[PDB]
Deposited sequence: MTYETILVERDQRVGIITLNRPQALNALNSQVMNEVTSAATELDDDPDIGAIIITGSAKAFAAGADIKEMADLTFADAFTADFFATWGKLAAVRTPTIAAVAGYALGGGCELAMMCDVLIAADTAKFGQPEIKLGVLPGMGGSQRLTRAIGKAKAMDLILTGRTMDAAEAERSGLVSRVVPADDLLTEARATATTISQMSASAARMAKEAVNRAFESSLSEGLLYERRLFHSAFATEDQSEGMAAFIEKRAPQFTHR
């Protein structure tokens, strides 16, 4: 029973679709609570190996909500902090983005590991116009993704960036025609969910390390996890499969 999102299970893949189409999938408290509860639930399920978050063909998400007062009221509630539950998900996540990914919507797309964007996708941080700052990690994930000159530009002017520019700048994984987004997301998700669940979780964690410490510490952390792969059924099977020219049979 979710009011603003739909949740579907398809083999080892779970899909969260933002289901508030009238508001152009605007993000609010409730959306935040539901999206985060469903992903956490899918993370805990051993029969799931990839999570998709998507919106409509018109809008991944058009922004935050505007009706949604003190500083203490914001400090005490930790307004937006719950979004952090999306980043704490261990199972790989995939943002399938069509049309408007603006404000929070752009920031949600950025919280996922992999970002497959439609033909029609448009990204932006236009809340400077309302005299509002990003509160979902936009000034943080945007800059690390596309670099300073473009990050500043988008954040201070509110201009949009289309799919092609997001692809050449480092914002997206790959671009696909709009009609094919959901099938390309699912096929991508499917491929990842068929990997060893341990290896996929390890690989994702090692990559995330790239923004949390110096290169020397990241290199060390990666090398250590890599040695740990060797204590697993799946490293042995995966490599045995290569040498015996056969499909690998993972029990994750």
Write out the missing regions of the deposited sequence in sequence order, one range per stretch. 1, 70-72, 257
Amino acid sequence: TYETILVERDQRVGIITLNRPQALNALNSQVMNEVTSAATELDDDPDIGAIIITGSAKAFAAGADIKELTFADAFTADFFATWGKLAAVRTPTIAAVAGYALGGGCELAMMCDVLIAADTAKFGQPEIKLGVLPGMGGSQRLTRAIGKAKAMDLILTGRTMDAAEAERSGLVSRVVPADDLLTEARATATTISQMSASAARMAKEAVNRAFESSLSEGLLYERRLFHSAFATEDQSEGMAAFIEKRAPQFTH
From here on, numbers count along this sequence of modelled residues.
Select between 180-188 and 207-215 the stretch whose C-alpha atoms have the higher average B-factor in the entry. 180-188
Report the stretch with the higher mean CA temperature factor, choosing between 137-145 and 161-169 on the basis of the entry. 161-169
Listed options 93, 76, 125, 82: highest C-alpha B factor recorded at 76
Among 69, 51, 200, 220, which residue carries the highest C-alpha B-factor recorded in the PDB entry? 69
Is the Cα B-factor recorded for residue 119 in the lowest, middle or highest third of its chain? highest
Please place residue 64 in the lowest, middle or highest third of its chain according to the CA B-factor in the PDB entry. highest
